[PDB]
Amino acid sequence: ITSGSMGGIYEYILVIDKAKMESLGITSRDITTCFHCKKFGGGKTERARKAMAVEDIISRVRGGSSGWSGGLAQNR
Amino acid sequence: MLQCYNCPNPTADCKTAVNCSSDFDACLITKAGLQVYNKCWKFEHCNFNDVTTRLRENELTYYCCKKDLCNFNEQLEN
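Here it is as structure tokens:
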């Protein structure tokens, strides 16, 4: 090694992504013939929900005491 | 009294023939691919929303008819 600085360093990174997507689709067709009476109908319906969240943090300290460098890694 | 097939559980050829309670005025048949239902029913409830709500979940095809025990599997081609 042939150059130096002597220091303390702290770095805090926080990234949170949340995404929610919900869809409903429904169709119906109904039909009738009367005069005896007859009734029919049919169609398609579907329902979905998806959601996710992802969060992470990295807090790191390089510097001059185990107690306070841990403390600052916990609590800014 | 109206009398329809009114099996308690899905039956590809419901034979359980009953008089319906006065709650009912139509004979339902329903087909949903893998299942078939024949019930004492109401012509007002013979609609996709009522049948899909009254059948506990989701989509189906339905038919209803007036005649005694008229609600039988051949009634629906699905």
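Here the protein sequences come in this chain order: E and G.
All letters in the first sequence, in the order written, are residues 312 to 346, 368 to 408 by the deposited numbering.
Counting along the second sequence from 1, when you hit position 44 you're at 43 in the deposited numbering, and nothing is skipped either side.
Ideal Cβ placement from N, Cα and C applies to all residues, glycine included.
### Query
Under 9 Å between the Cβ atoms of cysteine 3 of chain G and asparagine 46 of chain G?
no
### Query
How about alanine 380 of chain E and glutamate 322 of chain E: do their beta carbons lie closer than 9 Å?
no
### Query
Does the beta-carbon distance from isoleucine 327 of chain E to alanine 385 of chain E come in below 9 Å?
yes
### Message
Between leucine 68 of chain G and chain A, is any beta-carbon pair separated by less than 9 Å?
### Response
The displayed structure is made up of protein chains E and G, and chain A is not among them.
### Task
List the residues of chain E that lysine 65 of chain G touches, going by C-beta distances under 7 Å, in chain order.
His368 and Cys369
### Message
Taking its Cβ as the centre, do 16 or more other Cβ atoms sit within 10 Å of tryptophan 400 of chain E, making it buried, or is it exposed?
### Response
exposed
### Distance between beta carbons of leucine 59 of chain G and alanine 25 of chain G, contact taken as under 8 Å
Not really, about 16 Å apart at Cβ, beyond 8 Å.
### Message
Using the Cβ count rule (16 or more neighbours within 10 Å means buried), how would you classify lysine 371 of chain E?
### Response
buried
### Backbone secondary structure at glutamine 2 of chain G - three-state DSSP
strand
### Query
For the segment 28-47 of chain G, which residues have a CB atom closer than 7 Å to at least one CB atom of chain E, in sequence order?
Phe42, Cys45, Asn46 and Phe47
### Task
Return the residues of the segment 46-62 of chain G that lie within a Cβ-Cβ distance of less than 9 Å from chain E, sorted by chain order.
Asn46, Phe47, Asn48, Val50, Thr51, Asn57, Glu58, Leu59, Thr60, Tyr61 and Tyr62
### Query
Given a threshold of 16 other Cβ atoms within 10 Å of its Cβ, counted over all protein chains shown, does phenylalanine 23 of chain G qualify as buried or as exposed?
buried
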